[PDB]
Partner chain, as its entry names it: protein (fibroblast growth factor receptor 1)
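Here we start with a single chain on its own, the form solved without its partner chain, put down as structure tokens.
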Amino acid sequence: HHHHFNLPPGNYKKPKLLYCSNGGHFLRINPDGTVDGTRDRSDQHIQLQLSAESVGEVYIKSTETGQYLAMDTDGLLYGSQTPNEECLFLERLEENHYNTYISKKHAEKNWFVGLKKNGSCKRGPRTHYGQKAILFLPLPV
């Protein structure tokens, strides 16, 4: 293991909005496969269904389009039509409150899912423990 194992509470029974405490944006997987953030709660591409593959390992899927959140070899988030190794994330509790998502494939490099204050996603190498960009709160839809 390259990381701790404090897990967040809550389950995967229903879809969620992944709210980023940094700028207040909700993670969005666009129909064209791009990933960013939006403050518009009415957006139809921010409803995400998480599922557990192994304890603490999850897929994050758009309920609207079926795409899986994934992080590519250069650290960019994208929407994948099919589940692959780039789609698995280590879901952990952070600062005794938030959920963080580390790329399983790049776990040794500490690459996280993160949103900047302007709504753009962070590239894996630019994320790290301690940032506000990596902190999320799963809100009901």
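Residue numbers count along the first chain shown, from 1.
Only in words, not in the display: the form deposited with its partner chain bound, which the text now covers.
Student: State yes or no: in the deposited bound form, is some non-hydrogen atom of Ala107 no more than 4.5 angstroms from a non-hydrogen atom of its partner chain?
Tutor: No - in the deposited bound form, heavy atoms of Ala107 and its partner chain never come within 4.5 Å of each other.
Student: Answer yes if any heavy atom of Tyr98 is within 4.5 Å of a heavy atom of its partner chain in the deposited bound form; otherwise answer no.
Tutor: Yes, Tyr98 sits close enough to its partner chain in the deposited bound form that at least one of its heavy atoms falls within 4.5 Å.
Student: State yes or no: in the deposited bound form, is some non-hydrogen atom of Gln81 no more than 4.5 angstroms from a non-hydrogen atom of its partner chain?
Tutor: Result no; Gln81 lies far from its partner chain in the deposited bound form.
Student: With heavy atoms only and a cut-off of 4.5 Å, decide whether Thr73 touches its partner chain in the deposited bound form.
Tutor: Judged by the heavy-atom cut-off of 4.5 Å, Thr73 is well away from its partner chain in the deposited bound form.
Student: Considering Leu50, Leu27, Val113, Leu69, which brings a non-hydrogen atom within 4.5 Å of its partner chain in the deposited bound form?
Tutor: None of the other options qualify; the answer is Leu50.
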